[PDB]
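Breakdown of the fold
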2 protein chains.
Amino acid sequence: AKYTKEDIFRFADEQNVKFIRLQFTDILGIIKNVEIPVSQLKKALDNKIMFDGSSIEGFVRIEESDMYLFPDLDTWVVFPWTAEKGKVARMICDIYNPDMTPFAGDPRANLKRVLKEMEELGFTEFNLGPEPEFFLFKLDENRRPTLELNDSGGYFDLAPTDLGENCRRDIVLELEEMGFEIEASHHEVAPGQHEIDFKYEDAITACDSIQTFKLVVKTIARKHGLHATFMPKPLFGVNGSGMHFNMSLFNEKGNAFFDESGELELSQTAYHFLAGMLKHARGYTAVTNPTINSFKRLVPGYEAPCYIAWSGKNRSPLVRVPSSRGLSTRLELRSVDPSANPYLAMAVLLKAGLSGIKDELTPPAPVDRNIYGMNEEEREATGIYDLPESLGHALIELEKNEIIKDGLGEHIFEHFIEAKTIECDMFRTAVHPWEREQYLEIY
Amino acid sequence: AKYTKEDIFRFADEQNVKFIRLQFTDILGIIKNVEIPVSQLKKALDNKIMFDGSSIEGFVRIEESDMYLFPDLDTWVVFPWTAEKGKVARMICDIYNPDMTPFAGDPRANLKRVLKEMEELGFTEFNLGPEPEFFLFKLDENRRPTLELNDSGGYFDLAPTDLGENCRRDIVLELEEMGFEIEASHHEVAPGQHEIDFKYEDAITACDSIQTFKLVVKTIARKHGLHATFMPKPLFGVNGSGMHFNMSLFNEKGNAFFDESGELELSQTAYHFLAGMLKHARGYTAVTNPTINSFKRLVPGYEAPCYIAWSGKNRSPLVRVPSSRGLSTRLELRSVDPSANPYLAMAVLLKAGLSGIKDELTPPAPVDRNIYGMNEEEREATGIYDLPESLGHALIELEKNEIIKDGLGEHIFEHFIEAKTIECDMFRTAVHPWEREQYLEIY
Ligand SMILES: [Mg+2]
Ligand SMILES: [Mg+2]
Ligand SMILES: [Mg+2]
Ligand SMILES: [Mg+2]
């Protein structure tokens with residue numbers, strides 16, 4: 001109980017907020033909210049706010065249903081970019097049915113249910129540290145994004161320098177002032193691409209931090225006349241954007257992935273988690289990469305994980321184990337992209353990893369032979385397998401796998417399948433300028 | 001120990017810095033950094049910051065490797081152009097392997113190793129005073145550099161005058177406020193070309209000053225709506241940019257290059273250093289001039305050193321001995337250009353000079369006959385030789401010479417050659433508008 005009702009009332013009185021955003025996330029990952037005056041703060045705290053519940057279902061909404069908007073007190077945050085005409089505050093809200101039951105279609109409720117399963121299994125918390133990457137594009141005269149980048153930087157380069165602008169520095173400073181924990185920020189290898197690293201907190205707080213980070217990055221960029229994009233592959237021939245998850249499992253004693261007497265300073269729980277992640281990776285590749293453009297990033301190379309393997313020496317595997325040990329022991333999954341929904345992503349990941357622990361699966365031997373060059377026979381000889389190359393194959397894998405369905409729940413599963421199938425069908429029937437430019441003259 | 005941890009913490013508290021740049025330099029000389037909030041200052045001081053170590057390898061990075069970022073306390077500098085939303089500070093950081101060993105590929109660690117060799121040989125310090133030259137170009141409407149210069153000045157001319165602008169004066173003032181020692185500044189013979197001279201400090205501090213000077217010049221030129229360029233030969237028919245090194249060797253008694261009883265008021269150590277520099281000049285010409293455009297500056301003339309000779313009267317040799325003596329006795333090398341990496345440059349220079357002392361080589365007799373006009377037979381009769389005329393020949397000379405390889409280390413040597421051969425091959429296969437404009441109609 002970080003905050004209480006009286007604390008929220010006192011904060012609203014003493015920083016004098018007049019606008020409150022009760023925000024939530026739908027299946028597609030879009031940040032949605034209802035906006036109320038500060039005079040209705042009491043009704044929000046009393047959990048009596050109605051809203052059109054079909055909104056969270058996305059564009060496939062059919063039947064309107066009124067449902068509650070139970071908020072969370074620990075997520076009270078006041079934005080500074082509010083001028084003098086009243087402050088603005090946001091609160092992450094749970095979705096509840098009118099019968100005082102959490103909605104099955106709420107990703108946050110699904111993540112809470114999966115975490116409850118973890119806790120009743122014997123663990124305490126599921127820490128996550130994400131490393132999102134975003135692109136910045138110069139706006140046009142009509143406040144429209146262009147295809148030109150703000151600077152021609154490089155990997156870890158000091159590209160934006162100083163003396164005003166430097167949107168990454170301003171974003172980091174605003175996030176720090178607002179009350180977030182930032183480890184480090186740098187320039188990614190692609191021009192105009194930046195990465196900001198976060199500390200390690202709980203899974204739900206990790207989702208809240210990710211969503212708030214997306215909102216803050218978009219807002220600050222817009223103010224500085226730029227456009228912030230989290231689409232994985234904005235341009236061809238340019239490196240994509242990733243959201244690598246550094247995740248660790250904790251118990252009553254402490255870190256469950258650390259053991260000085262084990263191989264690689266890893267506990268058997270860590271190996272079971274690795275086996276569970278590797279076995280079902282093809283299953284949840286769709287959840288971790290929910291967009292068509294996401295699979296354009298997953299191409300064979302030296303930085304895009306398109307194989308199913310784990311390593312700790314050669315790096316660039318599907319799952320990488322950082323050299324740090326002790327309380328910082330963790331397993332990194334590099335196939336996640338910023339367009340993914342964090343709630344569903346760690347829901348399916350936790351389920352897969354925990355199933356690997358329940359089944360006590362033995363992970364395959366790590367590969368440190370730089371798996372990009374070996375022949376197809378060599379890859380087939382080892383347990384190396386490729387991730388799905390398109391959204392349709394990933395959807396088929398989702399429809400085949402059953403554990404990921406349980407981790408996602410029913411309602412979320414069918415809604416995700418319907419939306420993704422509609423999107424794939426729309427992409428399939430479209431005619432692109434590539435086909436015209438390479439067949440109009442030839443044929 | 002100029003500063004300690006507590007001093008750094010007190011400074012961060014009392015000038016209220018909120019952004020810290022842990023900056024370093026790769027093989028190619030590009031300034032790179034990782035950016036952290038002030039809340040992580042403790043972790044930086046604890047030498048526990050990870051970063052992608054393949055970044056310093058340049059564009060030839062293959063395998064990702066995490067490695068430490070051990071900072072240096074004596075390089076704590078706070079930038080003034082930070083507005084009111086928190087200050088910005090930088091710290092030069094050493095690159096360390098995860099096993100508490102300095103990385104072999106770090107130029108700074110290589111320079112430290114060479115300096116350790118010097119100290120164990122019997123010397124104390126290797127003072128350097130550089131004289132970099134830079135160009136200023138007017139930006140376009142889209143903040144893009146143009147081919148027009150800010151003013152049509154001359155050699156030592158009072159071209160930028162006063163009443164605002166005058167980017168050189170502002171650069172000098174900001175550098176002085178920041179805590180750098182500046183001897184003098186003036187206008188170079190080319191229009192829009194300026195030179196700023198530095199005092200004489202240690203080699204590592206000289207590198208830090210050079211890198212900070214480049215960063216500050218670029219930032220200030222950008223803020224005044226100009227572009228600062230350190231490319232040696234921006235335009236054809238216009239004098240190039242040089243970074244002459246005024247270097248001296250010190251011992252316990254004092255200056256090792258000064259002797260009142262010796263010829264030209266020079267000690268035998270100075271003559272051995274001169275012989276070592278002259279013998280291996282063709283070897284390290286590639287390191288001192290690493291770009292393709294650099295050798296366009298090294299053309300026969302009256303100001304570009306393309307010969308291997310030393311003098312103190314006629315001036316414009318490869319190596320010039322200034323008339324000043326005593327504690328200011330020094331040897332000037334005029335073949336260095338601003339695009340070179342200072343760490344590698346003085347690493348190879350110190351090695352060559354010290355090898356000349358170890359071998360007690362006798363330098364050739366100085367030439368004061370204005371070596372531009374004598375016939376090729378006359379040049380061949382004397383020990384006058386030409387520097388490599390292209391990057392490829394310089395790379396071949398590097399591959400032949402072994403002492404320079406030892407001075408550079410292994411990892412740096414193979415990475416440098418690899419990247420430079422890729423740059424050379426890319427230049428060789430390109431088709432330039434010169435070929436079109438002089439063959440499209442003729443043939
Ligand atoms: Mg990254
Ligand atoms: Mg990562
Ligand atoms: Mg000069
Ligand atoms: Mg000079």
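Residues numbered from 1 in each chain as written, not as in the entry; some residues may be left out. Chains lettered and ligands numbered in written order. Part of a larger assembly, values for the part shown. Heavy atoms only, no water. Residues with missing side-chain atoms left out of burial classes, pairs and counts.

For this entry, the PDB record names cryo-EM as the structure determination method and reports a resolution of 2.85 Å.

This part covers the environment of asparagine 370 of chain B. Residues and elements named next belong to chain B. With respect to the helices, strands and loops of the structure, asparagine 370 is situated in the loop between α9 (342-359) and α10 (376-381). Overall, the relative accessible area of 40% leaves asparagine 370 in the partly exposed class. Through-space distance from the C-alpha of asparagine 370 to that of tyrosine 302 is 8.5 Å; in sequence the pair is 68 residues apart. If we ignore the near neighbours within four places in the chain, the residues touching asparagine 370 are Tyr302 and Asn314. (Helix = DSSP H or I, 4+ residues; strand = E, 2+ residues; numbered from the N terminus. Buried < 20%, exposed > 50% of the residue type's maximum accessible area, 1.4 Å probe, protein only. Contact = heavy atoms within 4.5 Å.)

Once that is clear, we can look at the side chain of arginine 90 of chain B. Residues and elements named next belong to chain B. With respect to the element layout, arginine 90 can be found in strand β6 (residues 87-92). Despite being buried, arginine 90 has no salt bridge partner; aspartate 208 is the closest side chain of opposite charge, sitting 5.4 Å away. A polar contact of 3.3 Å, which involves the side chain of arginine 90, links it to the backbone oxygen of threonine 75. For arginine 90, the contacting residues outside a window of four places in its chain are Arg21, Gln23, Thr75, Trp76, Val77, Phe79, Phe180 and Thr212. (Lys, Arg positive; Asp, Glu negative; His and termini not counted. Salt bridge = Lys/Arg side-chain N within 4 Å of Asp/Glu carboxyl O. Polar contact = N/O pair within 3.5 Å; in protein donor to acceptor, adjacent residues only side chain to side chain.)

All right, on to the coordination of the magnesium ion (ligand 2) then. Residues and elements named next belong to chain A. Protein coordination at the magnesium ion (ligand 2): the donors are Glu131 (OE) and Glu332 (OE), at 2.1 to 2.6 Å from the metal. Metal-to-metal, the separation of the magnesium ion (ligand 2) and the magnesium ion (ligand 1) is 5.3 Å. Linking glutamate 131 in strand β9 (residues 125-131) with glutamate 332 in strand β18 (residues 331-333), this pair joins segments that are 201 residues apart in sequence. The two residues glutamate 131 and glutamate 332 agree in class, both being buried. (Donors = N, O, S within 2.8 Å, 3.2 Å for Na, K, Ca; no water.)

Residue and element names in this part refer to chain B. Of note, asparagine 47 is a non-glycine position whose phi angle comes to about 60 degrees, a positive value. Residue position: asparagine 47 is located in the loop between α2 (41-45) and β3 (50-52). Its identity as a non-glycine residue notwithstanding, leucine 163 has a phi of 60 degrees, on the positive side.

Take the sheet that holds strand β15 (residues 244-250) of chain B next. Residues and elements named next belong to chain B. The strand order β9-β15-β18-β17-β16 describes an open sheet built from five strands, whose pairing is mixed. In the strand order of this sheet, the two ends are held by β9 (125-131) and β16 (310-311), each with one partner. Contacting β9, β15, β16, β17 (319-320) and β18 (331-333), helix α6 (residues 268-279) runs over the sheet at an angle of about 10 degrees to β18. (Pairing = 2+ DSSP bridges. Axes fitted to C-alpha atoms, helices over the stretch in contact; angles between N-to-C directions.)

The next thing to look at is the coordination of the magnesium ion (ligand 3). Ideal donor angles around a metal are set by the shape: a four-donor tetrahedron calls for 109.5 degrees, a six-donor octahedron for 90 or 180 degrees. Residues and elements named next belong to chain B. Looking at the magnesium ion (ligand 3), the protein donor atoms are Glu133 (OE), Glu188 (OE) and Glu195 (OE), and they sit 2.1 to 2.7 Å from it. Sequence positions of the donors to the magnesium ion (ligand 3) reduce to the motif E-x54-E-x6-E. If you look at the magnesium ion (ligand 3) and the magnesium ion (ligand 4), they sit 5.3 Å from each other. Highlighted residues: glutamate 133 in strand β10 (residues 133-139) and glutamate 195 in strand β13 (residues 193-198), separated in sequence by 62 residues. Judged by relative accessible area, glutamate 133 falls into the buried class, the value being 5%.

Further remarks concern the environment of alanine 340 of chain B. Residue and element names in this part refer to chain B. On the secondary structure map, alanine 340 appears in the loop between β18 and α9. C-alpha separation for the pair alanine 340 and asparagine 239, spaced 101 residues apart in sequence, amounts to 18 Å. Sequence-distant contacts of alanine 340, defined by excluding residues within four places in its chain, comprise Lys214, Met243, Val287, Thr288 and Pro290.

The next subject is the interface of chain A and chain B. Listed as interface residues are 28 residues of chain A and, on the opposing side, 31 residues of chain B. Breaking the side of chain A that touches chain B down by element, the ones donating at least two residues are α4 (167-178) and β12 (182-187) of chain A. Taken together, the residues of the side of chain A that touches chain B break down into nine nonpolar, seven polar and 12 charged. (Nonpolar A, V, L, I, M, F, W, Y, C, P; charged D, E, K, R; others polar.)

Residues and elements named next belong to chain B. Where helix α7 (residues 281-288) meets helix α11 (residues 391-400), the closest approach of the two axes is 8 Å, and the angle between their N-to-C directions is 120 degrees. In terms of their interaxial angle, α7 and α11 are classed as oblique. In this structure, the crossing between α7 and α11 has a hand that is left-handed. Here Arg282, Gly283, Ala286 and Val287 of α7 lie close against α11, whose contacting residues are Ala394, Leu395, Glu397 and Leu398. Considered class by class, the residues forming the contact of α7 with α11 number five nonpolar, one polar and two charged. (Parallel < 35°, antiparallel > 145°, perpendicular 65-115°, else oblique. Left-handed = near helix turned anticlockwise from the far one by under 90°.)

Attention now goes to the relation of the copies chain A and chain B. For the pair chain A and chain B, the relating rotation is 60 degrees, the translation along its axis is 0.0 Å, and the fit reaches an RMSD of 0.0 Å. Viewed as a symmetry operation, the transformation between the two copies matches a six-fold axis. Across chain A, the rotation axis passes nearest the C-alpha of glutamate 141 of chain A, at a separation of 14 Å. (Least-squares fit on C-alpha atoms.)

Let's shift gears to a nonpolar patch on the surface. Residue and element names in this part refer to chain A. A surface patch of nonpolar side chains, amounting to about 550 Å² of accessible area, comprises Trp434, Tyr439, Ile442 and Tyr443. On the secondary structure map, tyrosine 439 appears in helix α14 (residues 433-439). With relative accessibility at 38%, the residue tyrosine 439 sits in the partly exposed group. (Patch = residues over 30% accessible without salt bridge, like charges linked within 9 Å, V, L, I, M, F, W, Y side chains within 5 Å. Areas by Shrake-Rupley, 256 points an atom, 1.4 Å probe, with all protein chains shown as cover.)

Attention now goes to the UniProt feature "binding site: ADP 4" (unreviewed entry) in chain A. Residues and elements named next belong to chain A. UniProt's entry tags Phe198, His244, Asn246, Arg315, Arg320 and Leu327 with the feature "binding site: ADP 4" (unreviewed entry), counted in the numbering of this structure. By the secondary structure assignment, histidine 244 is in strand β15 (residues 244-250). In this view, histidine 244 contacts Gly129, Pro130, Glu131, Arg297, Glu332, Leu333, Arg334 and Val336; residues no more than four positions away in its chain are not counted. Assignment of secondary structure puts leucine 327 in the loop between β17 (319-320) and β18. Judged by relative accessible area, which is 61%, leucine 327 ranks as exposed. Not counting the four nearest positions on each side in its chain, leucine 327 is found in contact with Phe250 and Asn255. (UniProt positions renumbered as here; feature names shortened; annotations may be inferred.)

It is worth spelling out the side chain of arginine 330 of chain B at this point. Residue and element names in this part refer to chain B. Mapping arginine 330 onto the fold places it in the loop between β17 and β18. Buried charge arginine 330 goes without a salt bridge, the closest partner of opposite sign being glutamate 131 at 5.8 Å. Only 3.5 Å separates the side chain of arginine 330 from the side chain of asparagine 246, close enough to count as a polar contact. Within the structure, the side chain of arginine 330 is placed 3.1 Å from the backbone oxygen of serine 328, a separation counted as a polar contact. Setting aside chain neighbours within four positions, we find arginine 330 in contact with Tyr200, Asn246, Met247, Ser248, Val321, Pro322 and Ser324.

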